[PDB]
Amino acid sequence: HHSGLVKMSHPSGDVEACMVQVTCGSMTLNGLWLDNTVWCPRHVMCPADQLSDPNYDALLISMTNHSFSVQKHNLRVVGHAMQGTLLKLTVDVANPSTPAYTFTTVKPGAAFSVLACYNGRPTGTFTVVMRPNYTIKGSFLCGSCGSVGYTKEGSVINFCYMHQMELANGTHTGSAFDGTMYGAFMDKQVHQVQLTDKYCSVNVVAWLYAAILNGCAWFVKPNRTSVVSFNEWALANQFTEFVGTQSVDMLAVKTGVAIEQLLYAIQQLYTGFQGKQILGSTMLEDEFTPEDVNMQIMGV
Amino acid sequence: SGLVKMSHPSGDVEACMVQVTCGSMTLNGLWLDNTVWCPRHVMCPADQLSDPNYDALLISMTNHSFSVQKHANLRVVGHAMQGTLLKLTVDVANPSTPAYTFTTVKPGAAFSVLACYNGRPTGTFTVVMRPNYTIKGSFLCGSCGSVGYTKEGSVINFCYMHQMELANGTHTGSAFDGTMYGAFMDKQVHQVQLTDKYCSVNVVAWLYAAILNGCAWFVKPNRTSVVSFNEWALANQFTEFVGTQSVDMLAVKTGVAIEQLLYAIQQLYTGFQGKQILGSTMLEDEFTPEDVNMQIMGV
Ligand SMILES: *[C@H](O)[C@H](C[C@@H]1CCNC1=O)NC(=O)[C@H](CC(C)C)NC(=O)OCC1CCC(F)(F)CC1
Ligand SMILES: *[C@H](O)[C@H](C[C@@H]1CCNC1=O)NC(=O)[C@H](CC(C)C)NC(=O)OCC1CCC(F)(F)CC1
């Protein structure tokens, strides 16, 4: 029985209609056009010269509205401001296809969709999980900066990521729309070290519930570890603190298996499945959220 | 690794999705110009679903028997049946119709799916048409009429319309010429599904991806020719390998010949013996040569 658990993205049409190309002097990258505002990474101001230590405050003061051109794929720039690692440009036409939206900062273990773009043209979409060291996997080439990540609630888009960087191990990071870089990385072309990754406990738990729902509950036992005992165990064993949610509780009702029983299962499975499989895997999986499992397996 | 399950942006296709209702049944349709395509079992009452007479159902229908709703409503002015699909004609041409073709895909080909419910796009993912003509993905009740598609240039190729779930939880559907992949039938009955196989050309692509990422411990000078590997594939659950320009480009860039990777595959099939390739301990066959070119090179 194939599970039905797949990496699934939100439809990107609403976001595709907001993607533009932003150019400053020699550099070009993507931006997000919402109403009369265009968002993009501030390193579009940096010339290839000074990328290893740009003075962004200095670059900004050196700019005029005429320093920027936004091309859609006719937008005069009439304002420019900097917000953390982002530019907040103002243009004289409101995007007619602006969706309803909010901004959020995702937390580790949450998933979102990314629309990868090059020169203002959407080219691909995929789903990522914000890792406990605040990097993401995904696929991003040169020219992808300014690609955006988002979730959907209703037909409301929650914008949460704007792409900035590749890290040393090949993972990626970017800004939230308040200007802050996920993981405190600097938007400078300087070697930087990401922290060690961990297993997202709550996603692992959702995945075992997915397993149970699929008729694989061989790992379930009456044994229970409390959330508190687990969370102390987790410090020493490369797991995140478990945090319960309504979404997880609904999987426990549906299956009749308590979160504490799966916390115990994780302590045992973490040393290996000992020859057994779960959902065709020999390792614990943590890139499926409880929402994914409710939505994809129970249509909730 | 840099190699991920990546779908085509779905906006061009969202604009074409509608809901089609016929009596009790409701599902999704595809609205292109003055035509709305949908699975013909929208005509079947729940009761008669195990062996419908689609020919008799269609003659009993009038144009008012189909209701079509966008998320406006669209007046049906013609109805016809093409294999397992209905071809409805509506009096409004979809003003956001993309340039499109209807090409049937072959095993090993990957395409994007836009999963919809009651005419509303709700998710997108990428699947591989397996050698037994099934796909995986995620399809719940209400998902029939969801479409699979690729985009080459400005042109969308529509290649799949969702019809059913098999007993093992895989899925299958129609091409837009009205044929069902794998000649499954659009009847609610247990059906014999052929045995799966590894898609050899996709395994080669993935090995090239490994090479491109600095993981080449498995490459030897030894070679196995295409014809020899294909005789072996018959006995070991692999598809015939057929090269393409896209694979040739991976060979050019890495300097590793196809034939070296076919030898490697014959040896890696018995076990990696404690090694990993791109984080994996089994052969991966769900990424195409085109995927590897695009995601690791930009072609
Ligand atoms: C913008 O399009 C581009 C996207 C990356 C290119 C390859 N993959 C990408 O995601 N962003 C950059 O090139 C940044 C620009 C700086 C001003 C932030 N730099 C960068 O991505 O590479 C330098 C890395 C090297 C690895 C590291 F971990 F050490 C950190 C710096
Ligand atoms: C249309 O929305 C629906 C989609 C499936 C519902 C569950 N997952 C799906 O992808 N398709 C159907 O309901 C078909 C209708 C027929 C007229 C084709 N039937 C179906 O998919 O389920 C019945 C299967 C169950 C397993 C089996 F081996 F017995 C074969 C029949």
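Residues numbered from 1 in each chain as written, not as in the entry; some residues may be left out. Chains lettered and ligands numbered in written order. Heavy atoms only, no water. Residues with missing side-chain atoms left out of burial classes, pairs and counts.

Method of determination, as annotated in the archive: X-ray crystallography, at 2.2000 Å resolution.

### Observations concerning the overall build of chain A
The secondary structure content of chain A amounts to seven helices and twelve strands. C-alpha extents for chain A along the principal axes are approximately 70 × 40 × 30 Å. (Helix = DSSP H or I, 4+ residues; strand = E, 2+ residues; numbered from the N terminus.)

### Notes on the site of ligand 2
Residue and element names in this part refer to chain B. Surveying the vicinity of ligand 2 reveals 19 residues, the closest of which are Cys144, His162, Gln163, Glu165 and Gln188. At 2.7 Å from an oxygen atom of ligand 2 is found a side-chain nitrogen or oxygen belonging to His162. In the model, an oxygen atom of ligand 2 is placed 2.8 Å from a nitrogen or oxygen of the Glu165 main chain. Burial of ligand 2 by the surrounding chains reaches 80%, relative to a free accessible area of 700 Å². Among the elements that make up the shell around ligand 2, the one with the highest residue count is strand 12 (residues 155–165) (four residues). Taken together, the residues of the shell around ligand 2 break down into eight nonpolar, eight polar and three charged. (Near = heavy atom within 4 Å. Polar contact = N/O pair within 3.5 Å; in protein donor to acceptor, adjacent residues only side chain to side chain. Areas by Shrake-Rupley, 256 points an atom, 1.4 Å probe, with all protein chains shown as cover. Nonpolar A, V, L, I, M, F, W, Y, C, P; charged D, E, K, R; others polar.)

### Observations concerning the packing of aromatic side chains
The final tally for this structure, using the stated rule, is 37 aromatic pairs over all chains. Between A:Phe103 and A:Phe177 the ring centres are 5.1 Å apart and the planes differ by 15°, which places this aromatic pair in the stacked class. Here A:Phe103 is found in strand 7 (residues 101–103), whereas its partner A:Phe177 is found in the loop between strand 12 (172–175) and helix 3 (201–213), with 74 residues between them in sequence. Considering the side-chain rings of B:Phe125 and B:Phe139, the 5.5 Å spacing of their centres and the 85° angle between planes classify their relative orientation as edge-to-face. Of this pair, B:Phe125 sits in strand 10 (residues 120–128) while B:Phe139 sits in the loop between strand 10 and strand 11 (147–152), and the two are 14 residues apart along the sequence. Each member of the pair, B:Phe125 as well as B:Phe139, is classed as buried. (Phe/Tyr/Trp six-rings, centres within 6.5 Å; stacked < 30°, edge-to-face > 60°. Buried < 20%, exposed > 50% of the residue type's maximum accessible area, 1.4 Å probe, protein only.)

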